[PDB]
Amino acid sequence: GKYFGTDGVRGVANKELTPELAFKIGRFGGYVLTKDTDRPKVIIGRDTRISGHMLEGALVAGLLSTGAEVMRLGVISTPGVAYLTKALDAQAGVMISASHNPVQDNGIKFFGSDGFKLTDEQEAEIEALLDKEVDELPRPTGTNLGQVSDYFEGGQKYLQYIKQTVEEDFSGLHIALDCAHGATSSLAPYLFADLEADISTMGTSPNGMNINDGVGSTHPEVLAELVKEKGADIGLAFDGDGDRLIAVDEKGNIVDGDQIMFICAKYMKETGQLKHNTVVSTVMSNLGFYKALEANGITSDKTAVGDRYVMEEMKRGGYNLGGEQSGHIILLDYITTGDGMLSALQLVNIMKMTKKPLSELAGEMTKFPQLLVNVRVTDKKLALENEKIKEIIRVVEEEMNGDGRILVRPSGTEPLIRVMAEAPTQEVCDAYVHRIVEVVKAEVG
């Protein structure tokens, strides 16, 4: 086992992600990141999870033990930590959370001083520290010990900063929010009220036990019920830690991350704000999003699946907008990580500046009929080389022109191979899948 997965260390709080481990991540983490600074400084925030406090105590203790200064942020979104760590001139910032996962889980994610994820080489150096039998690092003593303090102003500094990315205010709109009972439970209702909108809220009553429970971006249907009943203009579903956004138009339909990105780029190009007129998405987003995006002279920059990819691509390209189907969207001009509340602001601003309803804005692309089945392989590298699968693809590839896409490929996350088809008809694309899936199943299942 390595410890840092695709986005920090996750695991069940007190059973895999133990206080013991959390401390060590703090100490090795602090030491790695603190190393080459006189006056080292780390900020730390979290979502509303029960285990939040147990892990924050360990992480603070571990940080302090290296000599670093800690600033406690309280409950804040993960983008908030990102923003603040760059803006405060901290060396690193830590966010305790497992995002949309259920309460038992937690996680620890670091941003370094430029507001980005740690370099591989730094993460690596941490992991090797977690590997040694004995801790033989510095033990600063007496008056060389780390100092801690509260920086609860942070959240609102953050708030003021995103708030002012808006044109005029939101008056005349009714906006419903679902804050997943997580990090945005108090921030997002504040922010939208400050912006003069009428609000109805749900999932804004965290108690420690209830984060993401039948609420939030991955269960937006209850919000969609609220939107219809409260007769609202838009619903906004953030996840546990406020990096994803999923919307609901005024008719009750879910408007996903593709639709959101599409609305943003359309309006950004029209306003001359979309750098080099391109949008970055993983290869995993819908074909209709691609064709829509081109119908408006907007060039598409597609990456491997992961958001590290979308992000690295934005950085190198000098791009400006990118993200995934899931509502993780990056407005790199402002925040250095995806931000649900930030992207929700930009969304509501477009409804406002164009005086058009969400169903309309969203309906200016048309998503293709999709179908995705993950099948449980038994080592991908062989199936990736498996002649019968490789040709079952070739056969459906030959069938469509088109006028269709097939996408089959695993990861390292869950071990499984992900067959996915898109065609103008549901029937066809169900049919290519059921096919490609029979072959995989019989050959590797």
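Start at 1 with the first residue shown and count on from there.
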| query | finding |
| --- | --- |
| Mean C-alpha B-factor comparison - 230-238 and 368-376, higher one | 368-376 |
| Given 174-182 and 284-292, the range whose Cα B-factors average higher in the PDB entry | 284-292 |
| Peak C-alpha temperature factor (PDB record), options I44, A61, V408, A68 | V408 |
| Top residue by Cα temperature factor, when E168, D150, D105, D339 are compared in the entry | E168 |
| CA B-factor placement of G146, once the chain's modelled residues are sorted into thirds | middle |
| Record-listed C-alpha B factor of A13: chain third | lowest |
| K163 by Cα B-factor - lowest, middle or highest third of the modelled chain | middle |
| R308 - which third its CA temperature factor falls in, relative to the rest of the chain | middle |
| Third of chain Cα B-factors occupied by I298 | highest |
